[PDB]
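Okay, so here's the structure we're looking at.
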Amino acid sequence: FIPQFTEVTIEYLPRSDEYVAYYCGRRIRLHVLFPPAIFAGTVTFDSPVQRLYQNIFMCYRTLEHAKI
Amino acid sequence: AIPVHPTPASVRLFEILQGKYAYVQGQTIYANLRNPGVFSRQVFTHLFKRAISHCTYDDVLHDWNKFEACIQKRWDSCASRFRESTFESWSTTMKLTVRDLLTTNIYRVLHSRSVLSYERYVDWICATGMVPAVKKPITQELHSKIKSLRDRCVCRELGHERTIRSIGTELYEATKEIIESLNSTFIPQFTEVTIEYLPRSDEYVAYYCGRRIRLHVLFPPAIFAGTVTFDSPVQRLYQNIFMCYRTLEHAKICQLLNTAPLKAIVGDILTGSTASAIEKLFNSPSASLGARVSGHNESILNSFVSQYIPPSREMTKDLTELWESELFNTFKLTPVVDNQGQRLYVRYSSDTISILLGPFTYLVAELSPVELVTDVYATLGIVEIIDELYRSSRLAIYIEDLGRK
Amino acid sequence: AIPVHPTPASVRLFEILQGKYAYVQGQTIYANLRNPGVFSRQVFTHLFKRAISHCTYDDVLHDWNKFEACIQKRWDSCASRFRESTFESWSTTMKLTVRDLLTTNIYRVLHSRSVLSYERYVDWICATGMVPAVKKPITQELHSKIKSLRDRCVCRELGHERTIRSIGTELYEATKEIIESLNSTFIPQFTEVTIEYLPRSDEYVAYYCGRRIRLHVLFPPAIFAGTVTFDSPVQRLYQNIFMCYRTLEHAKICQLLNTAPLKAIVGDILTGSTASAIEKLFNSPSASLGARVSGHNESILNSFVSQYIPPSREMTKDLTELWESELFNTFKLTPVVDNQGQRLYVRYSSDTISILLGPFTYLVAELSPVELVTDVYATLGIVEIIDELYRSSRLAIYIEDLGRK
């Protein structure tokens, strides 16, 4: 089974680094492929979309700015 | 002792691995060489080569003899061309019967969990020219994922071919020798480990979990008396990337500061009913702009207006092909293109596997008996390289030896 | 005594090896000739030649004789073309069974830790025309990294081929003489060592940890009474690169200085809610600009406005092809291109290996018996040069001598 995103969540513990899935209150199995960069202030994911992320948000900002 | 990893300038360099500060179209090709899979192709054709090498000629000639003994009880002068045709079909199903079982077992052993990641490798060498070589002693996964009968369940058929009964077992134990070497090794992430260099009696010391771990210099970084610079593809573009980031945020700053339609000096929003959307921002203070002099006695003689657009997308566009030229040059990437093709098939070269997986598979990964590959070993289909290996294999040359009787 | 290395102008010159001050698309091609691996091609095909030469014709002819003795117990008038075909397949597996042996062993000895690097050489010659030749006496790593049986356990098989049992040992011990010569030598970095010139009774002095080291002039510098100039590729561009850097930082200065939309004379930001983003910088003092007259009695008769954009990207664009022409010319680089190709395959030439690896492998490296390569020795694949060497190799001409019986 693969779920959607909007009602399940995923948890990472930095201390003794593992990852914990959750859906209806249980830890479910998981598979790392692209492990994210956890800095002390934020976590960014090595992903195709987050390699574009703030450029897409910049384009959104200037488009709403243009309509403003 | 002077730090290498967790310095602010070095982690500013390590950020461009991801896209957090600046990103252009040319940086899309950076993940293209960051694609793993060329490493799987490496070990994939290597252990096919290891399987096809240890075969003997005497195991297959009496196999063809017993194959003819099978067909004589099922089926004189016409039997000459009958035996030629049934040997031709026997060669075709020989290629088939090696290909099917081999691609099952090898895609099974290959796509299990491997803690070694080429994805985790290629980002380091282009960032710093340094690799953290970690030897994780936990190696109890291979007997758990694939122990026995995976080579035996698929081959239990009528025709007891001793060729597969000799070679599948030898490759099956051989895969346990090769997956061991790769999952025993480890390349980590960057945001939690560190690398350290000392000036006096200079060595480079890798540190994760409080211990000196192995490592290899690949591109010797320049440590000046005030700063450290890494001979790296990314830091060769470093302040041009940061200058483009600066002028882009500068451009949006001036764009966001000149939004008033009129300049005075003192002496749900995205979609809605446009009539009310007029009202919801006309009362807003975004419309007005009255600039100020600090001193009230301080007076102004004259005033001028100049909105200014800095060439933002012009500064992005040339830095795209800046990235393109640099990652075509220091990593040999030949774009396989059509007539006026816009860079449709970006592929590894001959020498760029010698400069990426050349050091990788032999220095930071301790894979001794593996080889590098060709252009068409990596270009062609991953099952279409199997029969191409077969086209220059020891067994099929023995079969083409049998090709003339 | 006059300094050469640690002077401020020459370390400004040594910086542009890396990307710290100015960088354009033309300087991407600098890493392409900075790529090592062509040096591995050098020692690769040289030890190939040292392997393939030391055969005897008498070894392979009786090897074919015993090979026929093997096949007569396994398999009359048809035996004529049978013996022709089995010799053809025997030549094919002869190429195969030398090739897999050499491909393992020579990639194994090839990708060792080599403290000599082409990367540390090519930057030094193009910077100043001078290389420091260091003879570092520790040479104990070869016996530890490779001792015995790496040439043997791969060939421990049924057919005791005396061709590999004669030639693999000699190529094995030959690598022990060749990797010794390269790892005995040393080319250093720049940021810790220095080069020094005495004008009086002129020689050049090298230094690392207080000793005069060996060294080799290649492009003799111009030593004037005020400064030193080096006949080099990068110092032939030096103040043009600095001029482009100066006008680019000046361009950013004027761009940052004319950001105000309105000119008075006295007398989180990257992404956010744009309605609040207006508010966060309109109150900021970046918006206003009131220009100053120094004297309060000093009055102003007339006042002007002129924003000015200097041609920044224009100054980058011609200097790109400035770098391209210089690194196409003083290092002979022939771009293998397609019809209207955008410089897709930038490759070493015939004569540029004689001007770079020519002096390298023979003057600072004391690799005496090694040879240079062809165009198609460096162009073609590192496994596809094996069979091309085989197409003109003494063993395979002896097999083509056997090609007619």
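Residue numbers (PDB author numbering), protein chains in the order written: chain G, 206 to 273; chain H, 18 to 92, 96 to 287, 434 to 571; chain B, 18 to 92, 96 to 287, 434 to 571. The beta-carbon is built from N, C-alpha and C at its ideal position, and this holds for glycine as well.
What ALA242(G) touches in chain H, judged by beta-carbon distance under 8 Å, is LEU34, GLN35, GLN209, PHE210 and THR211, going in chain order.
When C-alpha distances from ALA153(H) are compared across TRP489(H), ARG256(H), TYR228(H) and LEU34(H), the shortest belongs to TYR228(H). Closest option to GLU464(H), judged by alpha-carbon separation, among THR437(B), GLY287(B), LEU467(B) and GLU492(B): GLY287(B). Within the same chain, Cβ atoms closer than 7 Å to the Cβ of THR527(B) are found at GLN59, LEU533 and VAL536, the five residues on either side in sequence being excluded.
Each residue's CA atom was taken as its position, placing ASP251(B) and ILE215(B) some 16 Å apart.
The C-beta distance from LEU136(H) to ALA531(H) rounds to 7 Å, short enough to fall under 8 Å. A straight-line Cα-Cα distance of about 8 Å links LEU178(B) and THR73(H). Contact with chain H is found for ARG256(G), since one of that chain's Cβ atoms lies less than 7 Å from the residue's Cβ. Inclusion of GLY149(B) and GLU490(B) in the CB contact set at 7 Å is not warranted, their separation being larger than that value.
With the rule of 3 Cβ pairs closer than 8 Å, the region 483-502 of chain B does not count as touching the region 165-183 of chain B. Counting the other CB atoms within 10 Å of its CB gives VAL471(H) a total below 16, which places it among the exposed residues. Sorting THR279(B), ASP434(B) and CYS146(B) by C-alpha distance to the C-alpha of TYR474(H) places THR279(B) at the top. For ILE184(B), the number of other beta carbons within 10 angstroms of its own is at least 16, and it is reported as buried.
For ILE435(H), the C-beta contacts it makes with chain G under 9 Å involve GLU269, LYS272 and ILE273, in order along the chain. Contact of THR249(G) with chain H by beta-carbon distance below 8 Å involves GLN35 and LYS37. Nearest neighbour of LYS196(B) by Cα position, chosen from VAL77(B), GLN160(B) and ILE519(B), turns out to be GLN160(B).
Shown here for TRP92(B): same chain residues with a beta carbon closer than 8 Å to its own, the five before and five after excluded, namely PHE102 in chain order. Contact between the region 64-78 of chain H and the region 120-133 of chain H is established, with three or more Cβ pairs separated by less than 8 Å.
The beta carbons of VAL41(H) and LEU268(H) sit no closer together than 7 Å. Following the DSSP letters along the chain, one finds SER558(B) in no beta strand (DSSP E), marked with neither H nor E. Per the Cβ contact rule, the region 252-262 of chain H is not in contact with the region 435-453 of chain H (fewer than 3 Cβ pairs under 8 Å). For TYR40(H), a Cβ of chain G is located within less than 7 Å of the residue's own Cβ. If you compare the alpha carbons of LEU130(B), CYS173(B), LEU235(B) and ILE261(B) with that of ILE198(B), the shortest gap goes to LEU130(B). Between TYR564(B) and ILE551(B), the C-beta spacing is not below 7 Å. Put simply, of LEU276(H), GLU181(H), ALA194(H) and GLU32(H) the residue whose alpha carbon is nearest the alpha carbon of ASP76(H) is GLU181(H).
Taking C-beta atoms as the reference points, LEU202(H) and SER132(H) fail to come closer than 7 Å. Residues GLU216 and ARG232 of the same chain have their beta carbon placed closer than 6 Å to that of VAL225(G), with the five preceding and five following residues left out of the count. Only exposed fits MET263(B), as fewer than 16 other CB atoms lie within 10 angstroms of its CB. Scanning the region 230-261 of chain H from its first residue to its last, the whole beta strand (DSSP E) runs of 3-plus residues come out as 231-237. According to DSSP, residue pairing for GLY456(B) in a beta bridge involves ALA284(B). For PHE239(G), no chain B residue has a C-beta closer than 8 Å to its own C-beta; the minimum C-beta separation is roughly 23 Å. Neighbours of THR279(B) in chain G, taken as residues at a C-beta separation under 9 Å, are lacking, since the least C-beta distance is about 17 Å.
For the 7 Å CB-CB criterion, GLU190(B) and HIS79(B) do not form a contact. If you draw a straight line from the Cα of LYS165(H) to the Cα of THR45(H), it is about 35 Å long. Taking 7 Å as the cut-off, the Cβ atoms of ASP541(H) and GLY547(B) count as close. Against chain H, a Cβ distance below 8 Å from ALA48(B) picks out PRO253, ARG256, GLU492, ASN495 and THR496.
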